[PDB]
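Using PDB author numbering, the first residue of the sequence shown is number 4, and each one after it goes up by one.
Positions of the beta carbon are idealized from the N, C-alpha and C atoms, including for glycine.
Heads up: the structure comes next, in structure tokens.
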Amino acid sequence: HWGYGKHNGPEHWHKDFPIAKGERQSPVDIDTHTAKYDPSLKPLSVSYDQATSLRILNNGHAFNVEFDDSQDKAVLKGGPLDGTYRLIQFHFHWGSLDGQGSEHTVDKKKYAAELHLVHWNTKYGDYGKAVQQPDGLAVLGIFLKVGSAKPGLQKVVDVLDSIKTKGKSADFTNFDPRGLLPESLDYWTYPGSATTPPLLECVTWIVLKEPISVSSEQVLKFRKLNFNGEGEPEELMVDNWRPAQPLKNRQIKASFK
Ligand SMILES: NS(=O)(=O)c1nc2ccccc2s1
Ligand SMILES: NS(=O)(=O)c1nc2ccccc2s1
Ligand SMILES: [Zn+2]
Numbered sequence: 004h005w006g007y008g009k010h011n012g013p014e015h016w017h018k019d020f021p022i023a024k025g026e027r028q029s030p031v032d033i034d035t036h037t038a039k040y041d042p043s044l045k046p047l048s049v050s051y052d053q054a055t056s057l058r059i060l061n062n063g064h065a066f067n068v069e070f071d072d073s074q075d076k077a078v079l080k081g082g083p084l085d086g087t088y089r090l091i092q093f094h095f096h097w098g099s100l101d102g103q104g105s106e107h108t109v110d111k112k113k114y115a116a117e118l119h120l121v122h123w124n125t126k127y128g129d130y131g132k133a134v135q136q137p138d139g140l141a142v143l144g145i146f147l148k149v150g151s152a153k154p155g156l157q158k159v160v161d162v163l164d165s166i167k168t169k170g171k172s173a174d175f176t177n178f179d180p181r182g183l184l185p186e187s188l189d190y191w192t193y194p195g196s197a198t199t200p201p202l203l204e205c206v207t208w209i210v211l212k213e214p215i216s217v218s219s220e221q222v223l224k225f226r227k228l229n230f231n232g233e234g235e236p237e238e239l240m241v242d243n244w245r246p247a248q249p250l251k252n253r254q255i256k257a258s259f260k
């Protein structure tokens, strides 16, 4: 199966998921000079006041914090989006060292990590139907740089010891994802894809310009997770990021001047 090892990493994925060479793959490099301000974009509406987290899972490629998406509670609207998108999970991608880890890049700069808050379009009724549609998902991407600690992240880092290996989960209720946002909601947006197999071309990307700061100690704890299952040879969960893909016939729009 696919992964981020020496023999099953991103350069191999196309053999089982041919869409990997498709026309709207993600992530991409964001060339800040070429991205054009679009005055027709609206402010984002991030409405997480009623978010209900449930569980955290090590799925062998990242850890997902899962939400109750059985009704509209935590939703994303506005910006480039038509309609309402429900938060289903968030996860991160990160590096073996601070100089890499993000999936999107900004003028070729790689950040230490990248947070993805994944939302599905409620007009399709369920998540599984939404991922089959070109406007089925909206992923809010947030860069992480290493500096001061992010207080709102600490509850996540502290549970990681309990989900070290693939297939382990833990209760994770009452977590407020608003504590993972930066101050500004200025963003770039473009049409793309999921960044892990099956790489479906169903995502409207909304990538925030302002990174959040996390401490070295916080990201070091991400790097103690394992890709492998319990009792298997230890493979540290690091460098679980897909590199930038060709932009092809796409424009990246900016919400800001
Ligand atoms: N990256 S993938 O095409 O999905 C894939 N790579 C490999 C390598 C060895 C054994 C099975 C698979 S499946
Ligand atoms: N990493 S991501 O683009 O946020 C993402 N990848 C996938 C793969 C399958 C289904 C949903 C998503 S959301
Ligand atoms: Zn992701």
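Residue i beta carbon near ligand 3 (any heavy atom closer than 6 Å)
i           : result
residue 198 : yes
Close beta carbons around residue i, own chain, < 6 Å, minus the five adjacent residues each side
i           : result
residue 195 : 27, 29, 206 and 208
residue 225 : 97
Residue i beta carbon near ligand 2 (any heavy atom closer than 6 Å)
i           : result
residue 119 : yes
residue 142 : yes
Distance CB(residue i)-CB(residue j) smaller than 7 Å
i           : j           : result
residue 59  : residue 152 : no
residue 47  : residue 188 : yes
residue 140 : residue 22  : no
residue 119 : residue 144 : yes
residue 92  : residue 124 : no
residue 198 : residue 253 : no
residue 115 : residue 129 : no
residue 142 : residue 109 : no
residue 200 : residue 70  : no
Same chain only: Cβ atoms within 8 Å of residue i, ignoring 5 sequence neighbours per side
i           : result
residue 256 : 38, 39, 40, 41, 44, 83, 191, 192 and 193
residue 319 : Any property of residue 319 remains undetermined from this structure, which presents the chain solely from 4 to 260.
residue 75  : 87, 89 and 125
residue 171 : 60, 61, 165 and 233
residue 7   : 13, 64, 230, 242, 243 and 244
residue 33  : 107, 108, 109, 110, 191, 210 and 255
Near ligand 1: residue i beta-carbon under 6 Å from a heavy atom
i           : result
residue 15  : yes
residue 11  : yes
residue 18  : yes
residue 64  : no
residue 244 : no
Same chain, Cβ closer than 7 Å to residue i, neighbours up to 5 away in sequence not counted
i           : result
residue 168 : 61, 229, 231, 232 and 233
residue 175 : 56, 57, 58, 59, 68 and 162
residue 219 : 149
So does the stretch 87-101 actually touch the stretch 238-249, counting three or more Cβ pairs closer than 8 Å?
yes
Per the contact definition of three or more C-beta pairs closer than 8 Å, is the stretch 13-21 in contact with the stretch 220-236?
no
Any contact of the stretch 176-186 with the stretch 152-164, i.e. 3+ C-beta pairs under 8 Å?
The stretch 176-186 makes contact with the stretch 152-164: 3 or more CB pairs, one atom from each, lie closer than 8 Å.
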